[PDB]
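These protein sequences, in sequence, are chains G and A.
The deposited numbering numbers the first residue of the first sequence as 12 and each following residue consecutively.
The deposited numbering numbers the first residue of the second sequence as 1 and each following residue consecutively.
Built from N, CA and C at the ideal position, the CB exists for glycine as well.
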Amino acid sequence: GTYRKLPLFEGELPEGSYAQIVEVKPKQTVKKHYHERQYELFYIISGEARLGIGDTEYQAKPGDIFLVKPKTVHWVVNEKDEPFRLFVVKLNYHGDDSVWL
Amino acid sequence: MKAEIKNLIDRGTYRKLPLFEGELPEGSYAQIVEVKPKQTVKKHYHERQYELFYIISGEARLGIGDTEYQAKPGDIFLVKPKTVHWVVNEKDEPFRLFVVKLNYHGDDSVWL
Ligand SMILES: [Zn+2]
Ligand SMILES: [Zn+2]
Ligand SMILES: [Zn+2]
């Protein structure tokens, strides 16, 4: 819902590890949230978006890499017809922890 | 937050560029890997670390256990531990990939 979520290497990734593509549907926004304990590593694959982490908003283009440490708030705004697609890795992942602002 | 590649580590057959050093949790690491033109990375296995590859640019015969893919941009891979991998760069282009290491408690790398 809101953005797609395409897990890879399911059951193959060590304890607390996780990897997946996500696809932020076009001209949609992902709302302010944070993770209690998990890290997000992004590699921006295609499209363009506004990406906030803590106190900084980036104009995320492909080939950018981002880190979201925990208790750090993030959002994306896609203002493009093309979907925003990113490679995600989650570190110290204890399952679902998204506290949604 | 954003990745600024300002640190190069040179291993001759290639170069490794770490990312977010100190920022990542224990057992984690992330880095770009540049396999310099016409070069190969020789057969090698990792004690326990896992290596997730996202292939950024170029083509290089990539070999994980028994399957040699031709790693193009957009491919994703995993090299579970105790798995023999290597890379032959074919082009006059760097073969570049975003790597994360999982279960990395320092250099578990070993080479055949
Ligand atoms: Zn997110
Ligand atoms: Zn390796
Ligand atoms: Zn694969």
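Hey, is residue i's beta-carbon within less than 8 angstroms of any beta-carbon in chain A?
| i | result |
| --- | --- |
| G/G58 | no |
| G/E23 | yes |
| residue 6 of chain G | For chain G, the structure presents residues 12 to 112; residue 6 of chain G sits outside this window and is missing. |
| G/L97 | no |
| G/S109 | no |
| G/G65 | yes |
| G/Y69 | yes |
Looking only at DSSP bridge pairs, what is residue i linked to?
| i | result |
| --- | --- |
| G/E21 | Answer is none; G/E21 lacks a bridge partner. |
| G/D66 | DSSP lists no partner for G/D66. |
| G/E34 | G/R15, G/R96 |
| G/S57 | G/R96 |
| A/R15 | A/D10, A/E34 |
| G/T40 | G/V88 |
| G/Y45 | G/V110 |
| G/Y104 | None; G/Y104 has no bridge partner. |
Check whether the Cβ atoms of residue i and residue j lie closer than 8 angstroms to each other.
| i | j | result |
| --- | --- | --- |
| G/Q31 | G/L17 | yes |
| A/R61 | A/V100 | no |
| G/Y54 | A/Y54 | yes |
| G/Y14 | G/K36 | yes |
| A/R15 | A/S57 | no |
| A/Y50 | A/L8 | no |
| G/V33 | G/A60 | no |
| G/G27 | G/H105 | yes |
| A/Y45 | A/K82 | yes |
Is the shortest distance between the beta-carbon of residue i and the beta-carbons of chain G less than 8 angstroms?
| i | result |
| --- | --- |
| A/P94 | no |
| A/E23 | yes |
| A/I55 | no |
| A/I76 | yes |
| A/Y50 | yes |
| A/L102 | yes |
| A/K6 | no |
| A/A71 | no |
May I ask you to check if the CB of residue i is nearer than 7 angstroms to at least one heavy atom of ligand 4?
| i | result |
| --- | --- |
| A/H105 | Although ligand 4 was asked about, the structure shown includes only ligand 1, ligand 2 and ligand 3 as ligands. |
Practice item. Determine, using beta-carbon pairs with one atom in the stretch 44–61 of chain G and one in the stretch 81–100 of chain G, whether at least three such pairs fall under 8 angstroms. Key: yes
Check your understanding: Going along the chain, which unbroken runs of the beta strand (DSSP E) with 3 or more residues stay wholly within the stretch 29–109 of chain A?
Key -> 40–46, 50–57, 60–64, 67–71, 76–78, 85–89, 95–104
Point to revise | the stretch 5–20 of chain A / the stretch 100–110 of chain G touching (three or more Cβ pairs under 8 angstroms) | key: no
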